[PDB]
$ cat target.txt   # compact mmCIF, N, CA, C and O atoms
# COMPACT_ATOMS: atom_id res chain seq x y z
N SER A 1 74.47 122.17 5.49
CA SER A 1 75.20 120.91 5.56
C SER A 1 76.67 121.11 5.92
O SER A 1 77.13 120.60 6.95
N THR A 2 77.40 121.84 5.09
CA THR A 2 78.83 122.02 5.32
C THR A 2 79.06 122.88 6.55
O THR A 2 78.43 123.93 6.72
N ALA A 3 79.97 122.43 7.41
CA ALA A 3 80.31 123.16 8.62
C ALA A 3 81.63 123.90 8.41
O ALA A 3 82.24 123.84 7.34
N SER A 4 82.06 124.61 9.45
CA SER A 4 83.33 125.35 9.44
C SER A 4 83.37 126.37 8.30
O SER A 4 84.42 126.60 7.70
N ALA A 5 82.23 126.97 8.00
CA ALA A 5 82.15 128.03 7.01
C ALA A 5 82.24 129.42 7.64
O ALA A 5 82.23 130.41 6.91
N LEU A 6 82.35 129.50 8.96
CA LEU A 6 82.36 130.75 9.70
C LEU A 6 83.59 130.82 10.58
O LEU A 6 83.51 131.12 11.77
N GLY A 7 84.75 130.52 10.00
CA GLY A 7 85.95 130.43 10.79
C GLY A 7 86.37 131.73 11.45
O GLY A 7 87.01 131.71 12.50
N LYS A 8 86.01 132.86 10.84
CA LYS A 8 86.50 134.14 11.36
C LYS A 8 85.87 134.48 12.70
O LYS A 8 86.58 134.82 13.66
N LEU A 9 84.55 134.38 12.80
CA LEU A 9 83.89 134.71 14.05
C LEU A 9 84.28 133.73 15.15
O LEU A 9 84.54 134.12 16.30
N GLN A 10 84.35 132.44 14.81
CA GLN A 10 84.80 131.45 15.77
C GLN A 10 86.22 131.75 16.24
O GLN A 10 86.53 131.60 17.42
N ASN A 11 87.08 132.17 15.32
CA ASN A 11 88.45 132.51 15.68
C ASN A 11 88.49 133.67 16.66
O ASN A 11 89.25 133.64 17.64
N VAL A 12 87.68 134.69 16.42
CA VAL A 12 87.64 135.83 17.34
C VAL A 12 87.22 135.39 18.73
O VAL A 12 87.84 135.74 19.74
N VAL A 13 86.15 134.59 18.79
CA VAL A 13 85.65 134.15 20.09
C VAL A 13 86.71 133.34 20.82
O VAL A 13 86.94 133.53 22.02
N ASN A 14 87.37 132.43 20.10
CA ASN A 14 88.38 131.59 20.73
C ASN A 14 89.52 132.42 21.27
O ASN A 14 90.01 132.17 22.37
N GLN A 15 89.98 133.41 20.50
CA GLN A 15 91.10 134.23 20.97
C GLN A 15 90.74 134.96 22.25
O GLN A 15 91.52 134.98 23.21
N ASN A 16 89.55 135.56 22.29
CA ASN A 16 89.16 136.28 23.49
C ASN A 16 89.08 135.35 24.70
O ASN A 16 89.61 135.66 25.78
N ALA A 17 88.44 134.19 24.52
CA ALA A 17 88.29 133.27 25.64
C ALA A 17 89.64 132.79 26.13
O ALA A 17 89.87 132.69 27.34
N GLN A 18 90.55 132.48 25.22
CA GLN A 18 91.86 131.97 25.62
C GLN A 18 92.65 133.02 26.39
O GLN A 18 93.31 132.70 27.38
N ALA A 19 92.59 134.28 25.94
CA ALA A 19 93.29 135.33 26.67
C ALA A 19 92.74 135.48 28.08
O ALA A 19 93.51 135.59 29.05
N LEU A 20 91.42 135.47 28.22
CA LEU A 20 90.85 135.59 29.56
C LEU A 20 91.25 134.40 30.43
O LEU A 20 91.57 134.56 31.62
N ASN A 21 91.26 133.21 29.85
CA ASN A 21 91.62 132.02 30.61
C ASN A 21 93.04 132.09 31.12
O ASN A 21 93.31 131.78 32.28
N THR A 22 93.99 132.49 30.27
CA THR A 22 95.36 132.56 30.75
C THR A 22 95.55 133.66 31.77
O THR A 22 96.33 133.50 32.71
N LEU A 23 94.82 134.78 31.63
CA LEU A 23 94.91 135.80 32.66
C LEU A 23 94.46 135.26 34.01
O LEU A 23 95.10 135.52 35.04
N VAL A 24 93.36 134.51 34.03
CA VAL A 24 92.90 133.96 35.30
C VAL A 24 93.89 132.95 35.84
O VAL A 24 94.20 132.95 37.04
N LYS A 25 94.40 132.06 34.99
CA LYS A 25 95.31 131.03 35.48
C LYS A 25 96.64 131.60 35.94
O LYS A 25 97.35 130.94 36.71
N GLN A 26 97.01 132.80 35.49
CA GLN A 26 98.23 133.42 35.97
C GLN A 26 98.17 133.70 37.46
O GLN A 26 99.20 133.94 38.09
N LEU A 27 96.98 133.68 38.05
CA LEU A 27 96.81 134.01 39.45
C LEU A 27 97.31 132.92 40.38
O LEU A 27 97.37 133.14 41.59
N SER A 28 97.67 131.76 39.85
CA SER A 28 98.14 130.64 40.65
C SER A 28 99.66 130.56 40.72
O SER A 28 100.18 129.61 41.31
N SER A 29 100.37 131.51 40.14
CA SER A 29 101.82 131.44 40.11
C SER A 29 102.40 131.93 41.43
O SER A 29 101.72 132.53 42.26
N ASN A 30 103.69 131.68 41.60
CA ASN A 30 104.38 131.95 42.86
C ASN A 30 105.19 133.24 42.83
O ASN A 30 105.25 133.94 43.84
N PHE A 31 105.83 133.54 41.71
CA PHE A 31 106.62 134.76 41.54
C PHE A 31 107.74 134.85 42.56
O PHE A 31 108.23 135.94 42.86
N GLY A 32 108.17 133.72 43.10
CA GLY A 32 109.27 133.70 44.04
C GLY A 32 108.90 133.88 45.49
O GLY A 32 109.78 133.83 46.35
N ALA A 33 107.62 134.10 45.80
CA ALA A 33 107.21 134.16 47.19
C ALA A 33 107.11 132.75 47.75
O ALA A 33 107.40 131.76 47.08
N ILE A 34 106.69 132.64 49.02
CA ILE A 34 106.55 131.32 49.63
C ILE A 34 105.22 130.66 49.33
O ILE A 34 105.08 129.45 49.55
N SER A 35 104.23 131.42 48.86
CA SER A 35 102.92 130.86 48.59
C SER A 35 102.21 131.74 47.59
O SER A 35 102.59 132.89 47.37
N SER A 36 101.16 131.20 46.98
CA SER A 36 100.40 131.91 45.96
C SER A 36 99.05 132.37 46.46
O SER A 36 98.22 132.80 45.65
N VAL A 37 98.78 132.29 47.76
CA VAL A 37 97.52 132.75 48.33
C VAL A 37 97.82 133.75 49.43
O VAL A 37 98.66 133.49 50.30
N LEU A 38 97.15 134.90 49.39
CA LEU A 38 97.44 135.95 50.35
C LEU A 38 97.02 135.57 51.76
O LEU A 38 97.66 135.97 52.73
N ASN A 39 95.93 134.81 51.89
CA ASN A 39 95.44 134.49 53.22
C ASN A 39 96.45 133.66 54.01
O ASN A 39 96.65 133.89 55.20
N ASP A 40 97.08 132.68 53.36
CA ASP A 40 98.06 131.86 54.06
C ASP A 40 99.27 132.67 54.48
O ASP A 40 99.78 132.49 55.59
N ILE A 41 99.75 133.56 53.62
CA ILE A 41 100.86 134.42 54.01
C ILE A 41 100.45 135.29 55.19
O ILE A 41 101.21 135.45 56.15
N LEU A 42 99.25 135.85 55.13
CA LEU A 42 98.80 136.76 56.18
C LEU A 42 98.56 136.03 57.49
O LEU A 42 98.75 136.61 58.56
N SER A 43 98.14 134.77 57.43
CA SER A 43 97.80 134.01 58.62
C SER A 43 98.96 133.17 59.13
O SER A 43 98.75 132.29 59.97
N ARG A 44 100.17 133.41 58.64
CA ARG A 44 101.32 132.63 59.06
C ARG A 44 102.54 133.46 59.42
O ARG A 44 103.50 132.90 59.96
N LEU A 45 102.55 134.76 59.14
CA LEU A 45 103.77 135.54 59.28
C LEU A 45 103.48 136.86 59.97
O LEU A 45 102.37 137.40 59.90
N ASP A 46 104.50 137.38 60.63
CA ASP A 46 104.46 138.74 61.13
C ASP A 46 104.64 139.71 59.97
O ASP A 46 105.32 139.39 58.99
N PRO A 47 104.05 140.90 60.05
CA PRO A 47 104.07 141.83 58.90
C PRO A 47 105.45 142.02 58.30
O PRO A 47 105.63 141.75 57.10
N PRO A 48 106.49 142.42 59.11
CA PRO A 48 107.77 142.85 58.51
C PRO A 48 108.29 142.03 57.33
O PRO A 48 109.03 142.56 56.50
N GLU A 49 107.91 140.76 57.25
CA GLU A 49 108.19 139.93 56.08
C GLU A 49 106.97 139.76 55.19
O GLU A 49 107.12 139.45 53.99
N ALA B 1 120.41 112.68 73.71
CA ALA B 1 121.19 111.87 72.79
C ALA B 1 122.39 112.65 72.29
O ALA B 1 122.48 113.87 72.44
N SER B 2 123.33 111.93 71.69
CA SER B 2 124.49 112.55 71.08
C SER B 2 124.10 113.25 69.78
O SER B 2 123.04 112.99 69.20
N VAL B 3 124.98 114.13 69.32
CA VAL B 3 124.71 114.89 68.11
C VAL B 3 124.63 113.96 66.91
O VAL B 3 123.72 114.08 66.07
N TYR B 4 125.56 113.02 66.79
CA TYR B 4 125.55 112.12 65.65
C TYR B 4 124.44 111.08 65.73
O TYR B 4 124.20 110.38 64.75
N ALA B 5 123.76 110.97 66.87
CA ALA B 5 122.65 110.04 67.05
C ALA B 5 121.45 110.78 67.62
O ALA B 5 120.83 110.37 68.60
N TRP B 6 121.12 111.91 66.99
CA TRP B 6 120.07 112.78 67.49
C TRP B 6 118.74 112.05 67.59
O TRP B 6 118.42 111.20 66.76
N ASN B 7 117.97 112.37 68.62
CA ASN B 7 116.69 111.72 68.85
C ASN B 7 115.60 112.37 68.01
O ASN B 7 115.53 113.60 67.92
N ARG B 8 114.75 111.54 67.41
CA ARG B 8 113.65 112.01 66.57
C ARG B 8 112.33 111.46 67.10
O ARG B 8 112.22 110.26 67.37
N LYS B 9 111.34 112.34 67.21
CA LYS B 9 110.02 111.97 67.70
C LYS B 9 108.96 112.49 66.75
O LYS B 9 109.09 113.59 66.19
N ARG B 10 107.90 111.71 66.58
CA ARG B 10 106.84 111.98 65.62
C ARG B 10 105.55 112.22 66.38
O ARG B 10 105.18 111.42 67.25
N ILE B 11 104.86 113.32 66.07
CA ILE B 11 103.72 113.79 66.85
C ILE B 11 102.52 113.96 65.93
O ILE B 11 102.64 114.57 64.86
N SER B 12 101.38 113.42 66.35
CA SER B 12 100.13 113.58 65.62
C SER B 12 98.95 113.40 66.58
O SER B 12 99.10 112.85 67.67
N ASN B 13 97.79 113.87 66.14
CA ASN B 13 96.52 113.68 66.85
C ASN B 13 96.57 114.25 68.27
O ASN B 13 96.47 113.53 69.26
N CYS B 14 96.74 115.56 68.34
CA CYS B 14 96.77 116.24 69.63
C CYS B 14 96.47 117.72 69.43
O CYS B 14 96.43 118.23 68.30
N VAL B 15 96.23 118.39 70.55
CA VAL B 15 96.09 119.84 70.60
C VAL B 15 97.32 120.39 71.31
O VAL B 15 97.67 119.93 72.40
N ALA B 16 97.98 121.35 70.68
CA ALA B 16 99.24 121.88 71.18
C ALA B 16 99.05 123.33 71.61
O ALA B 16 98.44 124.11 70.88
N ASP B 17 99.58 123.67 72.77
CA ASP B 17 99.52 125.03 73.29
C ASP B 17 100.94 125.60 73.29
O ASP B 17 101.67 125.48 74.27
N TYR B 18 101.31 126.21 72.17
CA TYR B 18 102.64 126.80 72.06
C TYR B 18 102.78 128.07 72.88
O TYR B 18 103.91 128.53 73.10
N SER B 19 101.68 128.66 73.34
CA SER B 19 101.77 129.89 74.12
C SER B 19 102.52 129.66 75.42
O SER B 19 103.36 130.48 75.81
N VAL B 20 102.24 128.55 76.10
CA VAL B 20 102.95 128.26 77.34
C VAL B 20 104.42 127.99 77.08
O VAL B 20 105.25 128.22 77.97
N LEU B 21 104.77 127.51 75.89
CA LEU B 21 106.17 127.34 75.56
C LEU B 21 106.84 128.69 75.32
O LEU B 21 107.98 128.90 75.73
N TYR B 22 106.14 129.61 74.65
CA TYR B 22 106.76 130.88 74.32
C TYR B 22 106.89 131.79 75.53
O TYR B 22 107.91 132.46 75.71
N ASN B 23 105.85 131.84 76.38
CA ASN B 23 105.90 132.76 77.51
C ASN B 23 106.93 132.34 78.54
O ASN B 23 107.41 133.17 79.32
N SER B 24 107.29 131.06 78.57
CA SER B 24 108.35 130.60 79.46
C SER B 24 109.69 131.18 79.03
O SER B 24 110.01 131.22 77.83
N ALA B 25 110.48 131.63 80.00
CA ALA B 25 111.79 132.21 79.74
C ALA B 25 112.92 131.22 79.97
O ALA B 25 114.09 131.62 79.95
N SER B 26 112.61 129.95 80.20
CA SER B 26 113.63 128.95 80.51
C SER B 26 114.56 128.68 79.33
O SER B 26 115.61 128.07 79.53
N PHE B 27 114.20 129.11 78.13
CA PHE B 27 114.98 128.83 76.93
C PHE B 27 115.84 130.04 76.59
O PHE B 27 115.35 131.17 76.57
N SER B 28 117.12 129.79 76.32
CA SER B 28 118.01 130.86 75.92
C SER B 28 117.69 131.36 74.52
O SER B 28 117.67 132.57 74.27
N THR B 29 117.42 130.44 73.59
CA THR B 29 117.18 130.78 72.19
C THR B 29 115.88 130.14 71.73
O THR B 29 115.66 128.95 71.95
N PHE B 30 115.03 130.94 71.09
CA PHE B 30 113.73 130.49 70.57
C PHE B 30 113.51 131.21 69.24
O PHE B 30 113.04 132.35 69.22
N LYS B 31 113.83 130.54 68.14
CA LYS B 31 113.85 131.18 66.83
C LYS B 31 112.94 130.41 65.87
O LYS B 31 113.16 129.23 65.62
N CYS B 32 111.95 131.10 65.32
CA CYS B 32 111.00 130.50 64.38
C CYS B 32 111.23 131.09 63.00
O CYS B 32 111.31 132.31 62.84
N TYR B 33 111.33 130.22 61.99
CA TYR B 33 111.74 130.63 60.66
C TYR B 33 110.56 130.83 59.71
O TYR B 33 110.36 131.93 59.19
N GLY B 34 109.78 129.78 59.48
CA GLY B 34 108.70 129.89 58.52
C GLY B 34 107.42 130.49 59.04
O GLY B 34 106.53 130.80 58.25
N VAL B 35 107.31 130.66 60.36
CA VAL B 35 106.08 131.13 60.98
C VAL B 35 106.40 132.15 62.06
O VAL B 35 107.53 132.24 62.54
N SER B 36 105.40 132.91 62.42
CA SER B 36 105.49 133.82 63.56
C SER B 36 105.07 133.10 64.83
O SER B 36 103.98 132.52 64.87
N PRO B 37 105.89 133.11 65.88
CA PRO B 37 105.57 132.32 67.07
C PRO B 37 104.23 132.67 67.70
O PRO B 37 103.56 131.79 68.23
N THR B 38 103.84 133.94 67.65
CA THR B 38 102.57 134.33 68.25
C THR B 38 101.37 133.83 67.45
O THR B 38 100.25 133.85 67.97
N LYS B 39 101.58 133.40 66.21
CA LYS B 39 100.50 132.88 65.38
C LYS B 39 100.38 131.36 65.45
O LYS B 39 99.47 130.80 64.84
N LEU B 40 101.26 130.69 66.19
CA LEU B 40 101.25 129.24 66.22
C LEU B 40 100.01 128.68 66.91
O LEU B 40 99.65 127.53 66.67
N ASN B 41 99.35 129.47 67.76
CA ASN B 41 98.20 128.96 68.49
C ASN B 41 96.97 128.78 67.61
O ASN B 41 95.98 128.21 68.08
N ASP B 42 97.01 129.24 66.36
CA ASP B 42 95.84 129.22 65.50
C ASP B 42 95.93 128.20 64.37
O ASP B 42 94.92 127.61 64.00
N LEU B 43 97.11 128.00 63.81
CA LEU B 43 97.26 127.07 62.71
C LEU B 43 97.15 125.63 63.19
O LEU B 43 97.59 125.29 64.29
N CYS B 44 96.54 124.78 62.37
CA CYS B 44 96.44 123.36 62.65
C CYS B 44 97.22 122.61 61.58
O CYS B 44 96.94 122.75 60.39
N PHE B 45 98.20 121.81 62.01
CA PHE B 45 99.06 121.05 61.12
C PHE B 45 98.74 119.57 61.22
O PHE B 45 97.80 119.14 61.89
N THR B 46 99.57 118.78 60.54
CA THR B 46 99.67 117.35 60.78
C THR B 46 101.14 116.98 60.68
O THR B 46 101.95 117.74 60.16
N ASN B 47 101.48 115.82 61.24
CA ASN B 47 102.81 115.23 61.08
C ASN B 47 103.90 116.19 61.58
O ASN B 47 104.70 116.73 60.82
N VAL B 48 103.89 116.40 62.89
CA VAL B 48 104.89 117.26 63.51
C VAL B 48 106.11 116.43 63.86
O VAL B 48 106.00 115.27 64.27
N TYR B 49 107.30 117.01 63.70
CA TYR B 49 108.54 116.32 64.03
C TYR B 49 109.31 117.11 65.07
O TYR B 49 109.38 118.34 64.99
N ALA B 50 109.87 116.41 66.05
CA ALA B 50 110.66 117.04 67.10
C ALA B 50 111.97 116.29 67.25
O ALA B 50 111.98 115.11 67.60
$ encode --input "target.txt" --output "structure tokens"
Amino acid sequence: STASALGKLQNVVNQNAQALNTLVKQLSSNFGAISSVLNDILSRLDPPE
Amino acid sequence: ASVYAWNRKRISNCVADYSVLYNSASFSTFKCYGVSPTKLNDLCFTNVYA
């Protein structure tokens, strides 16, 4: 009947999933470049830049 | 047009051949900033301004 009696295992699972999620979402950042996708940079510029 | 009344033109819905513009030597200065001129023949844009 009573739920939330297994907070520890749920907590572990949540922490792992959240860390993986933020690692994946970090891939959309700019870091000061002109774009966040390599294909667009490669298909728009000469190498030297 | 004069500098203070520069002419503006809006371009859409066409196929552009920038290669014939680049290979021509009639221009003293031809400087491209955000793109490589030799790659212009491949990208497709919208809403071009001249």
$ closest_atom_pairs --input "target.txt" --of "chain A" --to "chain B" --cutoff "5 Å" --atoms "all atoms listed in the file" --output "Markdown table"
| residue | atom | partner | partner_atom | distance |
| --- | --- | --- | --- | --- |
| A:44 | O | B:36 | N | 3.1 |
| A:45 | CA | B:36 | N | 4.4 |
| A:46 | N | B:36 | CA | 4.7 |
$ atom_distance --input "target.txt" --atom1 "CA of residue 30 in chain A" --atom2 "CA of residue 49 in chain A"
15.9 Å
$ atom_distance --input "target.txt" --atom1 "CA of residue 32 in chain B" --atom2 "CA of residue 8 in chain B"
18.8 Å
$ select_by_dssp --input "target.txt" --residues "range 2-43 of chain A" --states "alpha helix (DSSP H)" --output "list in words"
residues 7, 8, 9, 10, 11, 12, 13, 14, 15, 16, 17, 18, 19, 20, 21, 22, 23, 24, 25, 38, 39, 40, 41 and 42 of chain A
$ residues_near_point --input "target.txt" --point "(106.5, 129.5, 73.1)" --cutoff "10 Å" --atoms "only C-alpha atoms" --output "PyMOL selection string"
chain B and resi 17-25+27+30-32+37-38+40-41
$ write_last_selection --input "target.txt" --atoms "N, CA, C and O atoms" --output "PDB file, in the coordinates of the input"
ATOM      1  N   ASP B  17      99.580 123.670  72.770  1.00  0.00           N
ATOM      2  CA  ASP B  17      99.520 125.030  73.290  1.00  0.00           C
ATOM      3  C   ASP B  17     100.940 125.600  73.290  1.00  0.00           C
ATOM      4  O   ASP B  17     101.670 125.480  74.270  1.00  0.00           O
ATOM      5  N   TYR B  18     101.310 126.210  72.170  1.00  0.00           N
ATOM      6  CA  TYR B  18     102.640 126.800  72.060  1.00  0.00           C
ATOM      7  C   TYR B  18     102.780 128.070  72.880  1.00  0.00           C
ATOM      8  O   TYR B  18     103.910 128.530  73.100  1.00  0.00           O
ATOM      9  N   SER B  19     101.680 128.660  73.340  1.00  0.00           N
ATOM     10  CA  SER B  19     101.770 129.890  74.120  1.00  0.00           C
ATOM     11  C   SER B  19     102.520 129.660  75.420  1.00  0.00           C
ATOM     12  O   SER B  19     103.360 130.480  75.810  1.00  0.00           O
ATOM     13  N   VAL B  20     102.240 128.550  76.100  1.00  0.00           N
ATOM     14  CA  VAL B  20     102.950 128.260  77.340  1.00  0.00           C
ATOM     15  C   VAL B  20     104.420 127.990  77.080  1.00  0.00           C
ATOM     16  O   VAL B  20     105.250 128.220  77.970  1.00  0.00           O
ATOM     17  N   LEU B  21     104.770 127.510  75.890  1.00  0.00           N
ATOM     18  CA  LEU B  21     106.170 127.340  75.560  1.00  0.00           C
ATOM     19  C   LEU B  21     106.840 128.690  75.320  1.00  0.00           C
ATOM     20  O   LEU B  21     107.980 128.900  75.730  1.00  0.00           O
ATOM     21  N   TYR B  22     106.140 129.610  74.650  1.00  0.00           N
ATOM     22  CA  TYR B  22     106.760 130.880  74.320  1.00  0.00           C
ATOM     23  C   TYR B  22     106.890 131.790  75.530  1.00  0.00           C
ATOM     24  O   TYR B  22     107.910 132.460  75.710  1.00  0.00           O
ATOM     25  N   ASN B  23     105.850 131.840  76.380  1.00  0.00           N
ATOM     26  CA  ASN B  23     105.900 132.760  77.510  1.00  0.00           C
ATOM     27  C   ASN B  23     106.930 132.340  78.540  1.00  0.00           C
ATOM     28  O   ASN B  23     107.410 133.170  79.320  1.00  0.00           O
ATOM     29  N   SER B  24     107.290 131.060  78.570  1.00  0.00           N
ATOM     30  CA  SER B  24     108.350 130.600  79.460  1.00  0.00           C
ATOM     31  C   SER B  24     109.690 131.180  79.030  1.00  0.00           C
ATOM     32  O   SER B  24     110.010 131.220  77.830  1.00  0.00           O
ATOM     33  N   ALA B  25     110.480 131.630  80.000  1.00  0.00           N
ATOM     34  CA  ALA B  25     111.790 132.210  79.740  1.00  0.00           C
ATOM     35  C   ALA B  25     112.920 131.220  79.970  1.00  0.00           C
ATOM     36  O   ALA B  25     114.090 131.620  79.950  1.00  0.00           O
ATOM     37  N   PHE B  27     114.200 129.110  78.130  1.00  0.00           N
ATOM     38  CA  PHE B  27     114.980 128.830  76.930  1.00  0.00           C
ATOM     39  C   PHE B  27     115.840 130.040  76.590  1.00  0.00           C
ATOM     40  O   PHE B  27     115.350 131.170  76.570  1.00  0.00           O
ATOM     41  N   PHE B  30     115.030 130.940  71.090  1.00  0.00           N
ATOM     42  CA  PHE B  30     113.730 130.490  70.570  1.00  0.00           C
ATOM     43  C   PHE B  30     113.510 131.210  69.240  1.00  0.00           C
ATOM     44  O   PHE B  30     113.040 132.350  69.220  1.00  0.00           O
ATOM     45  N   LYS B  31     113.830 130.540  68.140  1.00  0.00           N
ATOM     46  CA  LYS B  31     113.850 131.180  66.830  1.00  0.00           C
ATOM     47  C   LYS B  31     112.940 130.410  65.870  1.00  0.00           C
ATOM     48  O   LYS B  31     113.160 129.230  65.620  1.00  0.00           O
ATOM     49  N   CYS B  32     111.950 131.100  65.320  1.00  0.00           N
ATOM     50  CA  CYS B  32     111.000 130.500  64.380  1.00  0.00           C
ATOM     51  C   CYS B  32     111.230 131.090  63.000  1.00  0.00           C
ATOM     52  O   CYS B  32     111.310 132.310  62.840  1.00  0.00           O
ATOM     53  N   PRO B  37     105.890 133.110  65.880  1.00  0.00           N
ATOM     54  CA  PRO B  37     105.570 132.320  67.070  1.00  0.00           C
ATOM     55  C   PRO B  37     104.230 132.670  67.700  1.00  0.00           C
ATOM     56  O   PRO B  37     103.560 131.790  68.230  1.00  0.00           O
ATOM     57  N   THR B  38     103.840 133.940  67.650  1.00  0.00           N
ATOM     58  CA  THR B  38     102.570 134.330  68.250  1.00  0.00           C
ATOM     59  C   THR B  38     101.370 133.830  67.450  1.00  0.00           C
ATOM     60  O   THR B  38     100.250 133.850  67.970  1.00  0.00           O
ATOM     61  N   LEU B  40     101.260 130.690  66.190  1.00  0.00           N
ATOM     62  CA  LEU B  40     101.250 129.240  66.220  1.00  0.00           C
ATOM     63  C   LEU B  40     100.010 128.680  66.910  1.00  0.00           C
ATOM     64  O   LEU B  40      99.650 127.530  66.670  1.00  0.00           O
ATOM     65  N   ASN B  41      99.350 129.470  67.760  1.00  0.00           N
ATOM     66  CA  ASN B  41      98.200 128.960  68.490  1.00  0.00           C
ATOM     67  C   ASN B  41      96.970 128.780  67.610  1.00  0.00           C
ATOM     68  O   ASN B  41      95.980 128.210  68.080  1.00  0.00           O
TER      69      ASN B  41
END
$ axis_aligned_box --input "target.txt" --around "range 30-42 of chain B" --padding-each-side "3 Å" --output "AutoDock Vina command-line options"
--center_x 105.0 --center_y 130.9 --center_z 64.7 --size_x 26.1 --size_y 12.8 --size_z 18.8
$ atom_distance --input "target.txt" --atom1 "atom O of residue 16 in chain A" --atom2 "atom O of residue 35 in chain A"
25.3 Å
$ decode --input "target.txt" --residues "range 34-47 of chain A" --atoms "N, CA, C and O atoms" --output "mmCIF file, in the first residue's frame"
data_model
loop_
_atom_site.group_PDB
_atom_site.id
_atom_site.type_symbol
_atom_site.label_atom_id
_atom_site.label_comp_id
_atom_site.auth_asym_id
_atom_site.auth_seq_id
_atom_site.Cartn_x
_atom_site.Cartn_y
_atom_site.Cartn_z
ATOM 1 N N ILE A 34 31.052 29.978 -33.985
ATOM 2 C CA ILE A 34 29.925 30.548 -34.717
ATOM 3 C C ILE A 34 28.734 29.611 -34.791
ATOM 4 O O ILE A 34 27.630 30.059 -35.130
ATOM 5 N N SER A 35 28.914 28.330 -34.496
ATOM 6 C CA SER A 35 27.822 27.376 -34.584
ATOM 7 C C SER A 35 28.144 26.186 -33.699
ATOM 8 O O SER A 35 29.291 25.978 -33.304
ATOM 9 N N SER A 36 27.116 25.402 -33.398
ATOM 10 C CA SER A 36 27.260 24.247 -32.527
ATOM 11 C C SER A 36 27.200 22.929 -33.279
ATOM 12 O O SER A 36 27.102 21.876 -32.648
ATOM 13 N N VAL A 37 27.242 22.955 -34.607
ATOM 14 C CA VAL A 37 27.228 21.740 -35.410
ATOM 15 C C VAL A 37 28.435 21.751 -36.335
ATOM 16 O O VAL A 37 28.700 22.752 -37.009
ATOM 17 N N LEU A 38 29.179 20.646 -36.349
ATOM 18 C CA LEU A 38 30.403 20.602 -37.137
ATOM 19 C C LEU A 38 30.122 20.640 -38.627
ATOM 20 O O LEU A 38 30.921 21.195 -39.388
ATOM 21 N N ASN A 39 29.018 20.044 -39.069
ATOM 22 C CA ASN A 39 28.753 19.980 -40.500
ATOM 23 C C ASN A 39 28.565 21.368 -41.096
ATOM 24 O O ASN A 39 29.067 21.653 -42.188
ATOM 25 N N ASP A 40 27.846 22.245 -40.397
ATOM 26 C CA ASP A 40 27.638 23.590 -40.920
ATOM 27 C C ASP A 40 28.940 24.370 -40.989
ATOM 28 O O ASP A 40 29.182 25.095 -41.959
ATOM 29 N N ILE A 41 29.789 24.247 -39.973
ATOM 30 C CA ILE A 41 31.083 24.913 -40.028
ATOM 31 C C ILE A 41 31.895 24.376 -41.191
ATOM 32 O O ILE A 41 32.520 25.133 -41.939
ATOM 33 N N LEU A 42 31.888 23.058 -41.367
ATOM 34 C CA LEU A 42 32.690 22.443 -42.412
ATOM 35 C C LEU A 42 32.163 22.777 -43.797
ATOM 36 O O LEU A 42 32.944 22.873 -44.747
ATOM 37 N N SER A 43 30.852 22.954 -43.934
ATOM 38 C CA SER A 43 30.237 23.197 -45.228
ATOM 39 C C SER A 43 30.057 24.675 -45.525
ATOM 40 O O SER A 43 29.330 25.023 -46.457
ATOM 41 N N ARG A 44 30.693 25.550 -44.755
ATOM 42 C CA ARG A 44 30.547 26.979 -44.962
ATOM 43 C C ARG A 44 31.854 27.748 -44.962
ATOM 44 O O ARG A 44 31.843 28.930 -45.314
ATOM 45 N N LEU A 45 32.969 27.137 -44.581
ATOM 46 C CA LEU A 45 34.199 27.882 -44.381
ATOM 47 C C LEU A 45 35.380 27.160 -45.005
ATOM 48 O O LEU A 45 35.383 25.937 -45.152
ATOM 49 N N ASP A 46 36.383 27.945 -45.375
ATOM 50 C CA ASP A 46 37.665 27.393 -45.761
ATOM 51 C C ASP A 46 38.409 26.925 -44.512
ATOM 52 O O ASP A 46 38.233 27.498 -43.436
ATOM 53 N N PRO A 47 39.240 25.891 -44.629
ATOM 54 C CA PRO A 47 39.876 25.297 -43.440
ATOM 55 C C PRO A 47 40.520 26.329 -42.524
ATOM 56 O O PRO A 47 40.147 26.395 -41.342
#
